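Following: one structure in C-alpha cells, then a few remarks.
For neighbour counting, all protein chains shown are included, and Cβ atoms are generated from backbone atoms with ideal geometry for every residue, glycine included. Where a number appears in this text, it was derived from the coordinates with a stated rule and is not lab data.
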Amino acid sequence: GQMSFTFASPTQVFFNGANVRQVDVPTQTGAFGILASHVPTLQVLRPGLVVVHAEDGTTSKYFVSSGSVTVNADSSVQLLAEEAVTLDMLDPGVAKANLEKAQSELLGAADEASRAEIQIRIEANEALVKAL
Amino acid sequence: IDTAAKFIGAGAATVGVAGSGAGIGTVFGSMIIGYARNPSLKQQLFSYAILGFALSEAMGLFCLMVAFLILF
Amino acid sequence: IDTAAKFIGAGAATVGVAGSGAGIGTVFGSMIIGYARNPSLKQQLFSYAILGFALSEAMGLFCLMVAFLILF
Amino acid sequence: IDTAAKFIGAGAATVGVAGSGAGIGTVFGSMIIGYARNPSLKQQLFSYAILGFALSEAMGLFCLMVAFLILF
Amino acid sequence: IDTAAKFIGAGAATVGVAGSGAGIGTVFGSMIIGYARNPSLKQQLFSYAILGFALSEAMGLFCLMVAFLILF
Amino acid sequence: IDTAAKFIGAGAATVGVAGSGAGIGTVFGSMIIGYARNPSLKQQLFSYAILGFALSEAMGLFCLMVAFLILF
Amino acid sequence: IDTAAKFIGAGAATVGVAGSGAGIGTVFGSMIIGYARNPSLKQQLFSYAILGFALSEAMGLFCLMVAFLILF
Amino acid sequence: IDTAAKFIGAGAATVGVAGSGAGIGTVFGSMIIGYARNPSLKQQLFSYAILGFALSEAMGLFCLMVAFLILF
Amino acid sequence: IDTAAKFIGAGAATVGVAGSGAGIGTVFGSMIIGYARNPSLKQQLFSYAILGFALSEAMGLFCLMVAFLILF
Amino acid sequence: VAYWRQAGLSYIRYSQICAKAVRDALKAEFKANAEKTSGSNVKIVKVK
Amino acid sequence: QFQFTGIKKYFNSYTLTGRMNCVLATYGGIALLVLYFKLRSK
Amino acid sequence: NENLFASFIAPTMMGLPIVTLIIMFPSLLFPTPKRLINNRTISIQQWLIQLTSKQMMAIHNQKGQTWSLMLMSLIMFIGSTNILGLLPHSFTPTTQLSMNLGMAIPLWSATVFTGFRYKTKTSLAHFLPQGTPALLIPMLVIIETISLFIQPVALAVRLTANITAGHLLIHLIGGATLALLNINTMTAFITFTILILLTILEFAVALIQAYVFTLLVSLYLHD
Amino acid sequence: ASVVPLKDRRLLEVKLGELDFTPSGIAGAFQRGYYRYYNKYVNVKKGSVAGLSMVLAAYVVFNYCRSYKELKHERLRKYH
C-alpha cells in the first residue's frame, strides 16, 4: 500500500517507481518481507534472489549480486543493485566446477587476507547453486 | 479423615493452572513485537495469536478439569 | 481436623497466582522492546498491551475465586 | 486412609502439565515474530510449529495418564 | 492442632510471591535490550517499566497479605 | 502406612517433567526464528533440534523413572 | 505438634527464593546482549541491571524472613 | 513410619533436578539463533555451549546426591 | 513424629534451587547470541557471564542452607 | 560482522568479487555485457 | 613499634568513618549473651 | 538392578581448632621486595594486582579513590583463604559465619556514614528516584529502605553459604568412593566427577569479585 | 626464640627460590628443589612451583595431626 518500489542498476533500469506489493531482499542476517509499513532500515545486501510480488498474475524472478536497501520514513523503499542479472542467461556447466575449484585452493593460501577471500568465493558460488 | 483427602486434591490440582497463565503472556507479548516490524496486522499476524491463546488455555482448563472430578 | 484440610488448600491454591505473576511480566516487557523500534504508540500498541494485561489476570483471578470457594 | 493415598497423589502429579502448558505457549510466540520477517507461511514455517505442539502436549498428556493410575 | 494448620498454610501461601520474582526479572532485563537501540528513556520508555514494575509488584504483595490473613 | 507414602511420592516425583516441556518449546521456538532468517534447514540446524529434543527429554524422562521405583 | 508443623512450615516457604533464583539469571543475561550490540555500558546500561538486581533480590530474602518468623 | 518418612523426602527432592532441564532448553536452544547469524562453527561457539551444557547439568546432578543422601 | 517433619521440611526446601538450575541456563544461552553478533569475547562480555553466574549461584546454594538446618 | 571482518577486507572488496562470480557464470552469448562493465579502465598514479 | 608510622597518615584520614567497630562490638556482645541465655535454660 | 550406589553415614564436622595461627598463615605466602628488579615469583604476584587495580579504579574517578587502595587488600585475603582450603586436610576461616559478620558490617556501615559526613541531605535523598507520581510514594519508601538493611546480611550470608556448600560435595562424592566395595566400574566415574568438581571449586576466586565489586557499587552509589 | 624462628623463613626463602644476590635466584635453587616429585613440575622457571608447593605440603601434614584423634578407624592390625 502506497509503496513506490524503486529498483535499478547502472546498465538498465528495472521495476521502477511502481506500486508493487512484496519484495524479497537477500541479506546477511537473512531475508525479510517488506509489508506495507515496514520499519526503515538501511541494510546492505548479500548475493541472492529477489522474487517481487505484484497483482499482475504471477511474480518475477531476478538475481542481485550486491545490493543496498534504503527504506525511508514514509512508505518508499529504494533498492539498488550492481548486477541485477536475469537468471536464464546463466550456464550451469561451467558454474559447478568453480565451487570444487576454490575449495581445492583453500590450503594454498599462505596469508590471512586471501583465506577469507576464498571463503567469500565459495559463498558466492554456493549462492547460485541453490538458486539454480 | 475422609474429608481431608478431598482438599489436598483440591489444593494441589489447582496449582497447575498457573503455568498456562504464564503462557498467554508470551503469545500476547509476541504479537506486540511482531506487529512492530510489518504492519500486516489484521491478517494472520493477529489471527495466529487467537490461534495460540485458545490452544494454551485449553491445556490449562484441562488441568483445572481434574479439580472438579477428583473433588467430586 | 476439618480446619486442618481447609487451611492448607487455601494456601495450596494461591500458588496458582504465581504463574500469572510470570506471564504479566513479559507483556510489559515485550512492549518495551516492541515500542522501542517503532514509535507508533497511541495506536494499537497500548491497546494490545491492555488486552494482554487483563487476560493473564483472568487466569490468575480465576483460581482466586476458586481459592475462596475452598474456604466457603 | 487407604483411599486417602489415592487422592493425594494425582493432585500432586497434576501440576506436571503446568509447565507443558506454558511449553506450548512459546512455540506460538515464535511464529508470530518468525513469520513477520519472512512471509513463507504455508511452507515449512507452519508445518514445524504443528510438530512442536503435538510432541510437547503429548508429554504433558502422559503426565495426566499417570494421574489416572494413581487414581485407579 | 488448629494452630498447626495455621502455620503450614502460610508456608505455601508465600510461594506466590516467587511468581513476582521471576516475572520481574524479565521486565527489568527488557529495559536493557530495548534501551540501546533507541535512547529516549525520559519519554514513556522508563514510565512503561514503572507501570510494569508496580502492577507486577501488586500481585506480589497480595499473595503476601494472604499469609497474614490466614494466620490471624 | 507404607501405602500412604508410595502414592504421594511418585506424584511428587512427576512434577519436574513440567520443567522439561517448558524448555522443549524453546528449542523449536528458536528453530522457527532460526530457519526464517537463513534457510539452512537441511544442513546442521535442524539436526540440532533433533539433538535438542533428545537431550532435554533425557533430563525429563529419567524423573519419571524416579517415580516408578517409589511406586515399585 | 507445635514443633513438627513448624518443621514443614518453613520447608514449603523455602522455595520463595526460586523465583528470584532465576529472575536474576534473566536480567544478567540481558546485559550480555545489550552491551554486545551497543558498547555504552558505563552509562545507564549497567546501573539498570544492578537496579534490576536490587529490586529483584529484595524478594528473594523477603520470603526466607517469613520462613524464619514461622520457625522461631 | 521409617520407610514412610524416607521416600516422600526423596521424591520431593528429585523435582529440583528437572528444574535445570528448563535451562538447557535455553542453552542448547539459543545456539540456533547464534549459528544462523554467523557460521564460525568449530570456534568457541559450540564450545561455549559445553560450558553451558555441563554447568547447567551441574545444578541438575547437584540435588540428585542430596536425594540419595536422604534415601539412607 | 517430627522425624518425618525433619524430612519433608528438608525435602521441600531443596526444590527452591530449581529456579537457579534454569537461571544459569539463561545466562549461558544468552551469551552465545551475544557473542555470535560481536566476536570480542576477551572483553567484558565474558566477564559478565561469570558475575551473572556467581550472583545466581549465590542465590542458588543458600537455598540448600535452610535444608541442612532443618535436618541438623 | 562476519568472516570478512576481522580479516582485513571490506564491502567494496566484497562487491567486486560477487559481481564477477556472477558475471563469469553467464552463458557464452551475453559475454559482452560482462565487458560492458569493464572496471579496468581507470589507472592509478601516486605522488611518490 | 614501626607498624604505626608507616600507615599513620592513612589512619586518621579514613578511621574517622572506618573505625566504627562499635556497632560490630555491640552486636558481638549481644550475640554472646543470647547463646548463654539459651544454655542457661538448656 | 545393575549398579547399586552406596552411602556412608558419618558426621560432617566443621570443628574449631586454633584459628589465630591459621589466619596469619596466608600473609606469609606473599613477600614484598625492596629492590627494583624482582625475583620472578613476586613478579607474577605484582602483575596480578596491576590488573585488578585498574578495574576498581575506573568506575569511581573521584576523590573517593583514596578508599580503593584498601579494597585490593580485601580481595587478596579471601582470595587466598578460599583457595588454601582445597588441599587435603586444611581449614578455611571463611567457613565459619562469625568473621563474615565482622567483614560486612564494619565495611557496609563505613559507606552510609561517608556521605552523611559530607552531603548530609542527598545521600539518602537517593531514596527519591524520579519525577514523583502520586499513587506510589508509601509503596516505594517502605520498599527501597527494606532493601537497604538487607545489604549487610545480603553481603555476608552469600559468602559463607556457598563456600561451605563446596566442601560437602567434596566429602560426600568423595566418601562414596571409599564405600564403593561393590562393582568397581562405577568407582572411576565418581572419581571423574570429583576432578571436574574441583575445577568448579576454583570459582572460590570468582566469588571474591562478587564481594569487592558489590562493595564498590554499594560505595559508588552512595558516593 | 624469636630470632630463631625468624631466621628459619629468611634463610629458607633465599635458598629455596629467589633473593649479586638477586641473580643468585636467577639461576635459582629450583634445580635443587626439583628432584623430589619425579620430574614433572618443570614449569618452576619463573612461576616457581617447588618454591611454593613445599609450604602447602607442610600445611597439609601439619593439619593431618589434629584430625588423627577423631578419625581413628584402625583395627588391631595394619592395613594392606
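Can you pull out every residue in region E:15-43 that is more than 21 Å from residue G:32 (Cβ to Cβ) and more than 7 Å from every other protein chain (Cβ to nearest Cβ)?
Once the filter is applied, which keeps residues that are more than 21 Å from residue G:32 (Cβ to Cβ) and more than 7 Å from every other protein chain (Cβ to nearest Cβ), region E:15-43 yields E:40, E:42, E:43.
Step by step: first the residues of region L:81-105, then only those that are among the polar types (S, T, N, Q) and part of a helix (DSSP H, G or I), then the one that is nearest to the other protein chains (Cβ to nearest Cβ). Which residue is that? Show your work before the answer.
So the first thing to find is which residues in region L:81-105 are among the polar types (S, T, N, Q), and the list is L:81-82, L:90, L:92, L:94-96, L:98, L:100.
Within this subset, residues satisfying the condition of being part of a helix (DSSP H, G or I) are L:94-95, L:98, L:100.
Working: L:94: 14, L:95: 13, L:98: 9, L:100: 12 Å.
Looking at residues that are among the polar types (S, T, N, Q) and part of a helix (DSSP H, G or I), I get L:98.
Would you please list the contacts, defined by Cβ atoms under 9 Å and residues six or more apart or on different chains, that run from a residue in region K:11-30 that is on the phi < 0 side of the Ramachandran plot to a residue that is outside any helix (DSSP H, G or I) and of a type in the set (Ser, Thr, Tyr)?
Note: pairs meeting the criteria are K:13/L:66; K:14/L:66.
Please pick out the residue among L:140, L:148, L:195 that is part of a loop (DSSP other than H, G, I, E, B), under 27 Å from residue I:64 (Cα atoms), of a type in the set (A, V, I, L, M) and more than 14 Å from chain I (Cβ to nearest Cβ).
Just a single option satisfies the conditions, and that option is L:148.
Among the residues of region L:59-80, which ones are within 11 Å of another protein chain (Cβ to nearest Cβ) and either loosely packed, with under 10 Cβ neighbours inside 10 Å or of a type in the set (D, E, K, R) (or both)?
Selection gives L:61 alone.
Looking only at region D:1-60, which residues are among the hydroxyl-bearing types (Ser, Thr, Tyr) and under 20 Å from residue C:59 (Cα atoms)? Reasoning before the result, please.
Keep residues of region D:1-60 that are among the hydroxyl-bearing types (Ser, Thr, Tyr), which gives D:3, D:14, D:20, D:26, D:30, D:35, D:40, D:47-48, D:56.
Within region D:1-60, D:14, D:20, D:26 meet the criteria.
Please enumerate the residues belonging to region D:54-63 that are buried (at least 19 other Cβ atoms within 10 Å of the Cβ) and more than 7 Å from chain B (Cβ to nearest Cβ).
Of everything in region D:54-63, those that are buried (at least 19 other Cβ atoms within 10 Å of the Cβ) and more than 7 Å from chain B (Cβ to nearest Cβ) turn out to be D:56, D:59, D:63.
So that you can scan it fast, the table gives a plain yes or no per residue for (1) in contact with a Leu (Cβ under 8 Å, 6 or more places away or on another chain); (2) aromatic (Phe, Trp, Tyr):
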site	(1), (2)
L:179	no, no
L:187	yes, no
L:192	no, yes
L:196	no, no
L:201	yes, no
L:204	yes, no
L:215	yes, no
L:219	no, no
L:222	no, no
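Under the condition of being closer than 25 Å to residue L:116 by Cβ and not in a helix (DSSP H, G or I), which residue from region K:5-42 is farthest from the other protein chains (Cβ to nearest Cβ)?
K:19
When the residues of region L:198-213 are filtered to those that are surrounded by fewer than 17 Cβ atoms within 10 Å (Cβ to Cβ) and assigned to a helix (DSSP H, G or I), which remaining residue is farthest from the other protein chains (Cβ to nearest Cβ)?
L:198
Among the numbered conditions (1) over 16 Å from the mean Cα position of the chain (by Cα); (2) at the interface with another protein chain (Cβ under 7 Å from one of its Cβ atoms), tell me where residue C:69 comes up short.
Residue C:69 satisfies all of (1) over 16 Å from the mean Cα position of the chain (by Cα); (2) at the interface with another protein chain (Cβ under 7 Å from one of its Cβ atoms) except (2).
Considering only residues that are surrounded by 18 or more Cβ atoms within 10 Å (Cβ to Cβ) and facing another protein chain (nearest Cβ under 9 Å), which ones fall in region L:152-162?
L:154, L:157, L:158, L:159, L:160, L:161, L:162 - these are the residues of region L:152-162 that are surrounded by 18 or more Cβ atoms within 10 Å (Cβ to Cβ) and facing another protein chain (nearest Cβ under 9 Å).
Restricting attention to region L:100-131, and to residues there that are surrounded by 18 or more Cβ atoms within 10 Å (Cβ to Cβ) and aliphatic (A, V, I, L, M), which single residue is nearest to residue M:53 (Cα to Cα)? Give the derivation first.
Step one: list which residues in region L:100-131 are surrounded by 18 or more Cβ atoms within 10 Å (Cβ to Cβ), which gives L:100-101, L:103-111, L:114-115, L:123.
Still in the list and also aliphatic (A, V, I, L, M): L:101, L:103-105, L:107, L:110.
Values: L:101: 32, L:103: 29, L:104: 32, L:105: 35, L:107: 34, L:110: 38 Å.
Step by step, filter region L:100-131, then rank; the result is L:103.
Counting only residues that are of a type outside the set (A, V, I, L, M, F, W, C), give me the helices (runs of 4 or more DSSP H) lying completely in region L:1-74 with at least 3 of them.
Answer list for region L:1-74: L:43-53.
Going by what's in this entry, would residue F:12 be described as within 26 Å of residue B:19 (Cα to Cα), at the interface with chain H (Cβ under 7 Å from one of its Cβ atoms), over 12 Å from the mean Cα position of the chain (by Cα) and among the hydrophobic types (A, V, I, L, M, F, W, C)?
The answer is yes for residue F:12.
Can you tell me which residue in region M:16-67 is farthest from residue L:44 (Cα to Cα), limited to those that are at the interface with chain L (Cβ under 9 Å from one of its Cβ atoms) and of a type in the set (S, T, N, Q)?
Among residues in region M:16-67 that are at the interface with chain L (Cβ under 9 Å from one of its Cβ atoms) and of a type in the set (S, T, N, Q), the one farthest from residue L:44 (Cα to Cα) is M:67.
Among what's in region G:15-47 and is surrounded by fewer than 24 Cβ atoms within 10 Å (Cβ to Cβ) and not in a helix (DSSP H, G or I), pick the residue that is nearest to the chain's Cα centre (by Cα).
Here the residue is G:33.
Give me a count of the residues in region J:1-25 that are of a type outside the set (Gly, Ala, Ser) and under 12 Å from the mean Cα position of the chain (by Cα).
Counting residues in region J:1-25 that are of a type outside the set (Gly, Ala, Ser) and under 12 Å from the mean Cα position of the chain (by Cα) gives 11.
Taking region J:30-48 only, how many residues are facing another protein chain (nearest Cβ under 7 Å) and either touching a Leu at 6+ places or on another chain (Cβ under 8 Å) or surrounded by fewer than 13 Cβ atoms within 10 Å (Cβ to Cβ) (or both)?
So the answer is 1.
Might you check whether a residue that is part of a loop (DSSP other than H, G, I, E, B), crowded, with 20+ Cβ neighbours inside 10 Å and of a type in the set (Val, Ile, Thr) occurs anywhere in region A:38-61?
Yes, that holds for at least one residue.
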